[PDB]
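Colleague: One line per chain: the protein sequences are A and C, in this order. Read left to right, the first sequence gives residues 111 to 226, 229 to 285, 309 to 328, 336 to 349 (PDB author numbering). Read left to right, the second sequence gives residues 1226 to 1244, 2054 to 2064 (PDB author numbering).
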Amino acid sequence: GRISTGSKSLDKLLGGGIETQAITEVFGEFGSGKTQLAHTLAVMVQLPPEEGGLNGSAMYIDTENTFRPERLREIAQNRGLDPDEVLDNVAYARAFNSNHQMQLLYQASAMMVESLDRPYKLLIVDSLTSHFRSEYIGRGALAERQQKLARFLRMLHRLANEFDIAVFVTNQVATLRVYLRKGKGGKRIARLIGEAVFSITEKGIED
Amino acid sequence: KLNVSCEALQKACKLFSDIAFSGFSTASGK
Ligand SMILES: *CCc1nc(CC*)nc(N(C)CC(=O)O)n1
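Below, the structure is given as structure tokens:
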């Protein structure tokens, strides 16, 4: 199935929202709504299909001090859900470095196979290239940097198809690419690699 | 805290074969 984003125009642009067995990668800057969309999706996936979810749990790997469980409670409450249950169905791991990020995937895979009842159906990686770009400096290190990132990306695609989960990752300037940008006040515009406008609200992301 | 059995963990190593740290916990700290 597909995980709805809450924004009818954004779901239209993605053809029913983000999809499992695929990797959706959003791009943009601080405030474009990458983390805001990620926190919303972590709540959406917990809903039944009539509401725009898959009756599943979420996983959030954080590499940029962006995880805010208070927002998750805020969205779940406003969208009519037990925010205490929502918080229990979100696994979270702060990656300290690139190697930690790679190892966390094994941990995720093992937890996913056990979950297969609310099975994990979404994996969020925010950010994805932060550690790689912060640890491998210069042209002489670019070869190892591109190799590790490609290996992580291969592991991600593997889990998406193996456990039929949706992988949503964030990035800055193989996968389904989306670009996010700010607009009128709290309004943000999404453009594929033609355009959809969403708004960040108390219920998360919506038209 | 979210732990995983050594049986499930060794299955995941087979999955990534052709390719201790802190693990996961719920958004409520468990
Ligand atoms: C799946 C990788 C792995 N996990 C564990 C713990 C379940 N143990 C291993 N070994 C190869 C055993 C060892 O430590 O010697 N591998």
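Even for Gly, the Cβ is constructed at its ideal location relative to N, Cα and C.
Would DSSP call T150 (chain A) helix, strand or coil?
Modeller: Of the three classes helix, strand and coil, the one that applies to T150 (chain A) here is helix, per DSSP.
Colleague: Do we get a CB-CB distance below 8 Å when we pair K1236 (chain C) with the residues of chain A?
Modeller: With 8 Å as the cut-off, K1236 (chain C) counts as an interface residue toward chain A.
Colleague: Taking 8 Å as the CB-CB cut-off, is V281 (chain A) touching chain C?
Modeller: No, its Cβ sits nowhere closer than 8 Å to a Cβ of chain C.
Colleague: Please tell me whether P179 (chain A) has its Cβ less than 8 Å away from any Cβ of chain C.
Modeller: For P179 (chain A), the answer is yes, since a Cβ of chain C falls inside 8 Å of its Cβ.
Colleague: So what does DSSP say about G346 (chain A), is it helix, strand or coil?
Modeller: Here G346 (chain A) sits in strand by DSSP.
Colleague: Is the closest heavy atom of ligand 1 to the C-beta of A218 (chain A) under 7 Å?
Modeller: Answer for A218 (chain A): no, Cβ out of range of ligand 1.
Colleague: Check each candidate in A:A152, A:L214, A:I324 and A:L240 and name the one with the smallest Cα separation from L191 (chain A).
Modeller: Minimum Cα distance to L191 (chain A) is reached at A:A152.
Colleague: Between A:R183, A:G336 and A:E256, which lies nearest to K345 (chain A) when the distance is taken from Cα to Cα?
Modeller: Minimum Cα distance to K345 (chain A) is reached at A:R183.
Colleague: Please list, in chain order, all residues with a C-beta atom less than 5 Å from at least one heavy atom of ligand 1.
Modeller: Checking every Cβ against the heavy atoms of ligand 1 under 5 Å gives C:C1231, C:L1234, C:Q1235 and C:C1238.
Colleague: When DSSP builds the beta bridges, which residues end up paired with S341 (chain A)?
Modeller: Partner(s): A:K322 and A:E348.
Colleague: Counting only beta-carbon atoms, is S1242 (chain C) nearer than 8 Å to chain A?
Modeller: For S1242 (chain C), the answer is no, since every Cβ of chain A falls outside 8 Å of its Cβ.
Colleague: When you compare each of A:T173, A:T134 and A:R316 to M212 (chain A) by their alpha carbons, which one comes out closest?
Modeller: Per the Cα distances, A:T173.
Colleague: Counting beta carbon pairs with one atom in the region 185–202 of chain A and one in the region 125–139 of chain A, are three or more of them shorter than 8 Å?
Modeller: No: the two stretches stay apart, fewer than three of their Cβ pairs being nearer than 8 Å.
Colleague: If you run the structure through DSSP and keep just helix, strand and coil, what is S142 (chain A)?
Modeller: Coil at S142 (chain A), not helix or strand.
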